[PDB]
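Asker: turn this into a structure:
(chains A, B, C, D, E, F and G, ligands or ions: 22)
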Amino acid sequence: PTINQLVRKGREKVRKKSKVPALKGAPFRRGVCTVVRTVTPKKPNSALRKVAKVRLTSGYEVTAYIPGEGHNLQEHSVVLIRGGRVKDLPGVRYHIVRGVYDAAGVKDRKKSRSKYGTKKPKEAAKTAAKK
Amino acid sequence: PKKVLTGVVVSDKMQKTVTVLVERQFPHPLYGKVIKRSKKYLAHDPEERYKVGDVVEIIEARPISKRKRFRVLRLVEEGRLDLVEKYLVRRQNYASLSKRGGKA
Amino acid sequence: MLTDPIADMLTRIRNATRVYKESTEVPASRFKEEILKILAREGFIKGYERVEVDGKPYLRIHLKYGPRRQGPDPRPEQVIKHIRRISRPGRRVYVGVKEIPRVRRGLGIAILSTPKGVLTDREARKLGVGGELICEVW
Amino acid sequence: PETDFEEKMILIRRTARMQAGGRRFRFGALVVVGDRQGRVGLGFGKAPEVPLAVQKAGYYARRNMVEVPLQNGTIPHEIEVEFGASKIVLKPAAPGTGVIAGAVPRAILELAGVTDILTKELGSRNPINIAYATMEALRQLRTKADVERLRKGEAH
Amino acid sequence: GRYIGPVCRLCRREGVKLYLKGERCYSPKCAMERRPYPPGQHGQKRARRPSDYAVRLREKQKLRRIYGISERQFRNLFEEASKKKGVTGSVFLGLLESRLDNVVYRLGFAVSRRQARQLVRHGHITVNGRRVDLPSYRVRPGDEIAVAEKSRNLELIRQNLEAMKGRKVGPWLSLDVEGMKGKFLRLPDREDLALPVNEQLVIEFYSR
RNA sequence: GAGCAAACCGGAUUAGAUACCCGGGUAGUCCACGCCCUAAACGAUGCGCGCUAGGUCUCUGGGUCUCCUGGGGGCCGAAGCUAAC
RNA sequence: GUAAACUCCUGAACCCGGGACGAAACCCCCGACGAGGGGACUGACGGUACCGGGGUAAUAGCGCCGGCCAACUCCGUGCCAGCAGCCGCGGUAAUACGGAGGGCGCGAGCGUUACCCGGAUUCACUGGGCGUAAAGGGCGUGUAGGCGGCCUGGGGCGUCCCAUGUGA
Ligand SMILES: [Mg+2]
Ligand SMILES: [Mg+2]
Ligand SMILES: [Mg+2]
Ligand SMILES: [Mg+2]
Ligand SMILES: [Mg+2]
Ligand SMILES: [Mg+2]
Ligand SMILES: [Mg+2]
Ligand SMILES: [Mg+2]
Ligand SMILES: [Mg+2]
Ligand SMILES: [Mg+2]
Ligand SMILES: [Mg+2]
Ligand SMILES: [Mg+2]
Ligand SMILES: [Mg+2]
Ligand SMILES: [Mg+2]
Ligand SMILES: [Mg+2]
Ligand SMILES: [Mg+2]
Ligand SMILES: [Mg+2]
Ligand SMILES: [Mg+2]
Ligand SMILES: [Mg+2]
Ligand SMILES: [Mg+2]
Ligand SMILES: [Mg+2]
Ligand SMILES: [Zn+2]
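Answerer: Residues are numbered from 1 along each chain as shown, chains lettered A, B, ... in the order given. Ligands and ions are numbered 1, 2, ... in the order given. Shown next is the protein structure:
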């Protein structure tokens, strides 16, 4: 375009679209589980994947994937949502953090941990170094 | 020092008052192309001496109403409808953009 | 009717050289004539000389090239490998003195047009002035 | 005299063609050979076996070299070169700057024996034409512009 | 707490001999002696042509691991450099080599850097008179780096200087084994240093 | 309002045909004035201007006229361009 | 993996004693009520920092190791349980799931999530485009506006330069 075009009717800056409708910015959410179903995957993969609606503090009723090999969430549990989409589950775009509120970290895990909230073990259960 | 600006009257409808057009000119903050914008200032004619299209100079002064804060020092050419005709012709356009709908 | 008198010349020299013509003619005028004074003192072109054609003044710019080369495509390297217009009309590009360009790391000039004649990045800087940046040649 | 340098494989690919029955891969190696003293050359030959592919390109390499005008440890001056859609652009840099560029242009510049550059990229970041991309750059650097503008011209 | 733990495995990972222990890493036992291959369950297997990043990386962990500094203190100096007039490269080293905990190594007061790090900590060293238990203290041109008066009587230290009787010092330092003192003549220049490094690469690593 | 022809009426083909085929047939296609304004409204390539090899065919004016000079339409092609075409 | 064991050297913590800068004047005296000089009270932080002596080896974790992105085998599991930033990995040999060993990274921290800039020449002024990829307005007429051939002379608004004030 002519520079005397760029002048009248300039350049439109690029607006962003939050892929995380969790009001007022906010990094985590507080929601009350509602229905803890088991959605299937998508085109390429397959199985059963734990997921669960969550009436969010902000007011949104959003779906959330339930990470881990097994979890203890029910129909009234209070949970913390993180953020990050799964690629085999349309509609959900948020994760459930563990070891936070009615949300408990999966047992026996041993590498993830920080991810998957799960106080590491005691290993022989002694001071910071014996066994 | 009080700023002086040089423009072209464009309306003498009011009493002891004259609407002057100041065209300025500057390069783009972000495109450097030269550019022209304009402003209508309202200065006082205590002698009714200045008439349509006279090219005047202007100075800051005691506000003399809502908007008028300048005066008409002295002349710079006692006649040029050439430019007034432009402004008058710009307005004439608006009178016709949107609403009226020449299509109805 | 030309729109940018200079740009015309510059180009007329540009294509001219790409086909290796011996010299090209361009509408005369002080300015262009002063602008070619540089390309000439600087070696991009053997030279120009006021000439007439059909009755209208024109300038014959005798282009300068290099030697024929070895291997395929034997055409001679270019003296004016690049010659652009910077300060176009409706785009006036004036630069301060501290804003003068460096151009092709000194391999090329940049004809300025300071209120002190038509100089080059060098001179203009040397004299201590800036002004409309007419072009950049290398 | 001597005709031996240091070789570096830029990027290899299987290419696959198709026929009744199935597919048929043809390999592609992209090599750069250099002195680190001013000479370097790209090369990309194909073959039914990577090695030959490399070797071949090793031969195509050494055949297309370009004495690069290095001043100290850099390119004498600036240059940006258009290719397919790639636009490599190198900028001479002070000493102690480092190479500073893409896998490809670096593979090339680093054999031409450079040490300090800053590179400009802006399209088809395609290992291949950026390869070539960095070379005509190196082919367009100037030696004697200083001479061409002021020397006579007899027999052209 | 920078590293602290197995060292020679570091020596074995960079593939080059690193002097992180002073003694020993000289007699047949620095591991790089009949076992120069990296540690782990695959140190002996074959290595694959490294990535431009791998080289730049390895070359850094080298420069750094030689001085045993946290990538943190490491970086920030890199920056200091970057900013100072002069060849990023050497200017970097200069400083690196200006660390008290280090200078105490070059002057001999201790068998190697780590030990020197410590001596500085336990207050067995001095700079201009006022002791300094700070490893990262930058020694400036003209600062005497002596041994703590109340330390000049430690066996370990005497042992060290005792064997320096003869060992010349970098042309950028000088010491007085008698008064167990020693000055920092001037920032050692890249040449003066015999590092198996290619700082033209460390540099390149922080250009990513 | 001759011919043609959405819709629609029958005929036939089909596993079924509210379709291809066949025989009719209305709006319509036609003209007047008024309205609609869309389009593969395509060269799918805004307008103007200056510059850069040729050859070949062709329409139209000038020409010392099967040759050169102007305007318009096609073809092939220098340099150059293009992701390629 | 010299990693530990073991040996020797040093000795953060902790204990003893000492412990201050930040404070000098306002007041009072001499002097003249000046200038100057003399005198005296004045700590929250603290009994803290800091100095001197004695002094014990005396917290480590966390992320990753298919490609980008540095780090690999085995065992389990079998399109399940589960990984996932993109590409994807798992349907009975998985370097891509889980544990083990090992390894890379960083270290009182390391991962994560969110948001801003970067990469993004992906709004392009520097630095892009529109025959077929997204992109020429169906055409014209013409308004505001943007742009404007050649020569000389006045202004010198733009533009450039010097000084100076401002730019706490
Ligand atoms: Mg929330
Ligand atoms: Mg734990
Ligand atoms: Mg313990
Ligand atoms: Mg204006
Ligand atoms: Mg008023
Ligand atoms: Mg391009
Ligand atoms: Mg680049
Ligand atoms: Mg440490
Ligand atoms: Mg490493
Ligand atoms: Mg040591
Ligand atoms: Mg009928
Ligand atoms: Mg299209
Ligand atoms: Mg004629
Ligand atoms: Mg024609
Ligand atoms: Mg063609
Ligand atoms: Mg061609
Ligand atoms: Mg003791
Ligand atoms: Mg941008
Ligand atoms: Mg684009
Ligand atoms: Mg003009
Ligand atoms: Mg002026
Ligand atoms: Zn070792």
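
Asker: now do the helices in the chain.
Answerer: Using chain A here. Ranges of helices within chain A are A:3-7, based on DSSP state H.

Asker: switch to chain E, that's the one I care about
Answerer: Using DSSP H, the helices assigned to chain E run over residues E:8-13, E:52-67, E:71-83, E:88-96, E:100-106, E:113-121, E:155-162, E:199-205.

Asker: and those helices as CSV, adding distance to ligand 7 and mean neighbour count?
Answerer: Placement of C-beta: from N, CA and C, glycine included. Formatted as CSV, those follow (distance: least, C-beta to the ion, whole Å; neighbours: other C-beta atoms under 10 Å in any protein chain shown):
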stretch, distance to ligand 7, mean neighbour count
helix E:8-13, 33, 19
helix E:52-67, 15, 18
helix E:71-83, 20, 15
helix E:88-96, 20, 22
helix E:100-106, 38, 25
helix E:113-121, 40, 22
helix E:155-162, 52, 15
helix E:199-205, 15, 22
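
Asker: out of those helices, which gets nearest to chain B?
Answerer: helix E:71-83 (30.4 Å; C-beta to the nearest C-beta).

Asker: am I right that residue E:137 is in contact with residue E:127?
Answerer: Yes: at 7.1 Å, residue E:137 counts as touching residue E:127 under the criterion of C-beta atoms under 8 Å.

Asker: before we move on, back to that, would you list the helices of chain E in CSV and tack on distance to residue B:12?
Answerer: Below are the helices of chain E laid out as CSV (distance: least, C-beta to C-beta, whole Å):
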stretch, distance to residue B:12
helix E:8-13, 90
helix E:52-67, 77
helix E:71-83, 65
helix E:88-96, 71
helix E:100-106, 85
helix E:113-121, 89
helix E:155-162, 100
helix E:199-205, 73
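
Asker: okay, those helices in TSV with distance to chain C next?
Answerer: TSV is the format used below for those (distance: least, C-beta to the nearest C-beta, whole Å):
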stretch	distance to chain C
helix E:8-13	43
helix E:52-67	28
helix E:71-83	24
helix E:88-96	22
helix E:100-106	41
helix E:113-121	44
helix E:155-162	55
helix E:199-205	23
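
Asker: before we move on, the earlier item: pull up the overlap in contacts between residue E:137 and residue E:127.
Answerer: residue E:100 (C-beta atoms under 8 Å, 6 or more residues apart in numbering or on different chains).

Asker: per-domain residue ranges of chain C.
Answerer: C:3-80, C:81-138 (curated CATH domains).

Asker: closest residue of chain A to chain E?
Answerer: Closest point on chain A to chain E, by C-beta to the nearest C-beta, is residue A:129, at 12.7 Å.

Asker: any idea where the strands of chain A begin and end?
Answerer: For chain A, strands defined by DSSP state E occupy the ranges A:29-33, A:38-39, A:49-50, A:54-56, A:61-62, A:78-81, A:96-97.

Asker: please identify the most buried of these.
Answerer: strand A:96-97 (a mean of 24; mean count of other C-beta atoms under 10 Å in any protein chain shown).

Asker: and that strand, which strands flank it?
Answerer: strand A:78-81 (antiparallel) (DSSP bridges).

Asker: which residues sit against the strand it pairs with?
Answerer: Applying C-beta under 8 Å, 6+ apart, the set of residues contacting strand A:78-81 is A:22, A:28-33, A:52, A:54, A:56, A:62, A:64, A:73, A:94-97, A:100-103.

Asker: go with 7 Å
Answerer: A:28-33, A:54, A:64, A:73, A:94-97, A:100-103 (C-beta atoms under 7 Å, 6 or more residues apart in numbering or on different chains).

Asker: looking at chain D, which residue is nearest ligand 5?
Answerer: Closest approach between chain D and ligand 5, counting by C-beta to the ion: residue D:122, at 54.9 Å.

Asker: would you agree that residue is in contact with residue D:87?
Answerer: Yes: with contact defined as C-beta atoms under 7 Å, residue D:122 counts as touching residue D:87 (4.3 Å).

Asker: who's more crowded, these two?
Answerer: residue D:87 (17 against 12; other C-beta atoms under 10 Å in any protein chain shown).

Asker: for residue C:101, see how far away that one is.
Answerer: 21 Å (C-beta to C-beta, to the nearest Å).

Asker: can you give me the helices in chain B?
Answerer: Using DSSP H, helices in chain B cover B:81-94.

Asker: centroid residue for it?
Answerer: Nearest to the mean C-alpha position of chain B, by C-alpha atoms, centre = their mean, lies residue B:21 at 1.8 Å.

Asker: return the residues in contact with it.
Answerer: Counted by C-beta under 7 Å, 6+ apart, residue B:21 has contacts B:7-8, B:10, B:38, B:40, B:87.

Asker: try 8 Å
Answerer: Contacts of residue B:21 (C-beta under 8 Å, 6+ apart): B:7-10, B:38-40, B:83, B:87.

Asker: who does the spatially most central residue of chain A form a beta bridge with?
Answerer: Nearest to the mean C-alpha position of chain A, counting by C-alpha atoms, centre = their mean, stands residue A:95 at 1.2 Å. Legend: beta-bridge partners of residue A:95 under DSSP bridges are residue A:65.

Asker: surely it is in contact with residue A:64?
Answerer: Yes: the criterion here is C-beta under 8 Å, and residue A:95 meets it with residue A:64 at 6.2 Å.

Asker: hmm, which of the contacts of residue B:21 are the buried ones?
Answerer: B:7-10, B:83, B:87 (16 or more other C-beta atoms under 10 Å in any protein chain shown).

Asker: what sits closest to residue E:86 if chain neighbours are left out?
Answerer: Spatial nearest neighbour of residue E:86, excluding adjacent residues (C-beta to C-beta, 6 or more residues apart in numbering or on different chains): residue D:96 at 7.5 Å.

Asker: hang on, the one you found packs against residue D:116?
Answerer: Yes: Residue D:96 lies in contact with residue D:116 (C-beta under 8 Å); the separation is 7.1 Å.

Asker: shared neighbours, the two?
Answerer: Between them, residue D:96 and residue D:116 share no contacting residue, judged by C-beta under 8 Å, 6+ apart.
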